[PDB]
Amino acid sequence: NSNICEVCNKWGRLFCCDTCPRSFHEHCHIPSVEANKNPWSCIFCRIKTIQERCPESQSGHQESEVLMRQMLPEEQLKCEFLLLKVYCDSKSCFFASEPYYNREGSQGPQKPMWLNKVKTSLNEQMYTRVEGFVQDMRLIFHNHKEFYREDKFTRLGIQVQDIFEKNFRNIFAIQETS
Ligand SMILES: [Zn+2]
Ligand SMILES: [Zn+2]
Ligand SMILES: [Zn+2]
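701 is the number of the first residue of the sequence shown in the deposited numbering; add one for each residue after it.
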């Protein structure tokens, strides 16, 4: 197994996957690493299993169809994975915790959002459809773009949103288009 956390790339108290070489801090893994379970399989492994069990799940989908899906266990897991993939980029640090807004010439967003809030929301089963999760994720980056206007710091929102969007297309097998 790896000697660093797959998400944050640091050493520390790591839990090792039994079915691949990845390792995790407790709270870097989503969901948090389970108390017992021997063997234990990580979220990458559990997602691969879903694909292997149903190869046709990799055929193209329409985003509009994916958003209306109910958060049953497999969509729950997919959203957890997509959230994790965003945390894997170090630039997610800017969007992790609750922001605040005091900049000359800008007003804060009406509905602030941040990655740890989404994490908690997933954990407490507050989303009934994929749409709920995806809207909050997109809201994060939108609020950032709106607030930082022409400051070059806006590019952080663009960059992290691109990570989100790519992983969303991959995980939910959205139909490729030009
Ligand atoms: Zn970590
Ligand atoms: Zn694994
Ligand atoms: Zn099948």
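Ideal Cβ placement from N, Cα and C applies to all residues, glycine included.
| Query | Result |
| --- | --- |
| Inter-residue spacing [alpha-carbon to alpha-carbon] between residue 806 and residue 862 | 24 Å |
| Reference residue 874; option with closest CA among 707, 740, 767, 710 | 767 |
| Residue(s) in a DSSP beta bridge with residue 858 | Residue 858 is not bridged to any residue. |
| Three-state class that DSSP yields for residue 793 in the structure shown | helix |
| Under 8 Å between C-beta atoms of residue 755 and residue 823 | no |
| Residues near ligand 2, criterion Cβ-heavy atom distance below 6 Å | 717, 719, 720, 722, 741, 742, 744, 745 |
| Closer than 7 Å: residue 752 CB and nearest ligand 3 heavy atom | no |
| Where residue 844 falls, given that 16 or more other Cβ within 10 Å makes a residue buried | buried |
| Identity of the residues DSSP links to residue 723 by a beta bridge | 705, 716 |
| Residue 725 beta carbon near ligand 1 (any heavy atom closer than 7 Å) | yes |
| For residue 818 and residue 772, believed in contact at Cβ under 8 Å, the rounded distance | The pair is not a contact, with the Cβ atoms about 19 Å apart (cut-off 8 Å). |
| Span of the alpha helix (DSSP H) around residue 833 | 830 to 848 |
| Bridge-paired residues (DSSP) for residue 761 | 874 |
| Classification of residue 853 by the beta-carbon crowding that lies within 10 angstroms, buried from 16 upward | exposed |
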